[PDB]
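Q: Under the entry's author numbering, the first residue of the sequence shown is numbered 18, with each subsequent residue one higher. Shown below is the structure under consideration.
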Amino acid sequence: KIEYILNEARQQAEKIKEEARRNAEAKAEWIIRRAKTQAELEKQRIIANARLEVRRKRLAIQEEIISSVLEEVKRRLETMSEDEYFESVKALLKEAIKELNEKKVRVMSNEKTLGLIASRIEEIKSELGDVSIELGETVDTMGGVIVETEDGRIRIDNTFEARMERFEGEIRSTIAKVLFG
């Protein structure tokens, strides 16, 4: 009847529903595989993230080597040398006046370090050529002679300032052409 039309037309629907069912998956299929390669792109970035972590560690493990070694010459800067500091002060002065090249100087230090200078001035002036030295600072940093000319310029062997602080960088250049490469 007119029912017969409906039956055959809904039967068509059945077979229509099919291809579109069939196709509709062959769709999600491809993407499944496409996301496959997509996620392999991800991995690479995972290996990049790992490389970036390689650094975080390296430098941390690098700064550690300096920090302990600074504190090591800090411990070796500390009171382990007694009367060898006077003949270190002596030495430093001989090393400082030399580069500066002047008859006039003034070595500031810690009060007494700056006052211990007033001792063997003739054994100090004896080391290298003769010169003149007068006055110094007291409330200054400790363990080192801070040479100051009676002219414009002044070189610092004061404390760590140009000593251990200089070494910080000295070591750094070494430790980086090695660690970093």
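Beta carbons: idealized from backbone N, C-alpha and C, even for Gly.
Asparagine 66 lies in the alpha helix (DSSP H); which residues open and close that run?
A: Counting from 1 along the sequence shown, the entry for residue 66 is found at position 49. Element bounds for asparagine 66: 19-92.
Q: What are the partner residues of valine 124, as DSSP defines its beta bridges?
A: Position 107 of the sequence shown, counted from the first residue, corresponds to residue 124. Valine 124 is bridged to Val164.
Q: From which residue to which residue does the alpha helix (DSSP H) around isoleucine 188 run?
A: Numbered from its first residue, the sequence shown carries residue 188 at position 171. First-last of the alpha helix (DSSP H) with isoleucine 188: 181-195.
Q: Hey, quick one: how far does the alpha helix (DSSP H) through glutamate 116 stretch, first residue to last?
A: As a working note, residue 116 is residue 99 in the sequence shown. Unbroken alpha helix (DSSP H) run through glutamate 116: 103-117.
Q: If we count the other Cβ atoms within 10 Å of its Cβ and call it buried at 16 or more, is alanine 113 buried or exposed?
A: By 1-based counting over the sequence shown, the position of residue 113 is 96. That one is buried.
Q: What three-state label does DSSP hand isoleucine 138 in the structure shown?
A: Within the sequence shown, numbered from 1, the residue matching residue 138 stands at position 121. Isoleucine 138 falls in the helix class under three-state DSSP.
Q: Rank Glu42, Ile33 and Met125 by C-alpha distance to the C-alpha of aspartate 174 and give the top, closest one.
A: Walking along the sequence shown from the start, residue 174 turns up at place 157. Measuring from the Cα of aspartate 174, the nearest candidate turns out to be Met125.
Q: Among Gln79, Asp100, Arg68 and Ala56, whose alpha-carbon lies nearest the alpha-carbon of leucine 196?
A: Residue 196 sits at position 179 when you count from the first residue of the sequence shown. Measuring from the Cα of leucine 196, the nearest candidate turns out to be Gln79.
Q: What's the gap between the Cα of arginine 172 and the Cα of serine 85?
A: Translated into positions along the sequence shown, residue 172 becomes position 155. Translated into positions along the sequence shown, residue 85 becomes position 68. About 28 Å.
Q: By the 10 Å Cβ neighbour count, where 16 or more other Cβ atoms means buried, how is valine 156 classified, buried or exposed?
A: Sequence index remark: in the sequence shown, residue 156 carries index 139 (1-based). It is exposed - the Cβ of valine 156 has fewer than 16 other Cβ atoms within 10 Å.
Q: Using the Cβ count rule (16 or more neighbours within 10 Å means buried), how would you classify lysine 53?
A: Looking up residue 53 in the sequence shown gives position 36. By the neighbour-count rule (16 or more Cβ atoms within 10 Å), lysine 53 is not buried but exposed.
Q: Quick one, are the C-beta atoms of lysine 121 and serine 149 less than 8 Å apart?
A: Translated into the one-based positions of the sequence shown, residue 121 becomes position 104. Translated into the one-based positions of the sequence shown, residue 149 becomes position 132. Yes, the Cβ-Cβ distance between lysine 121 and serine 149 is below 8 Å.
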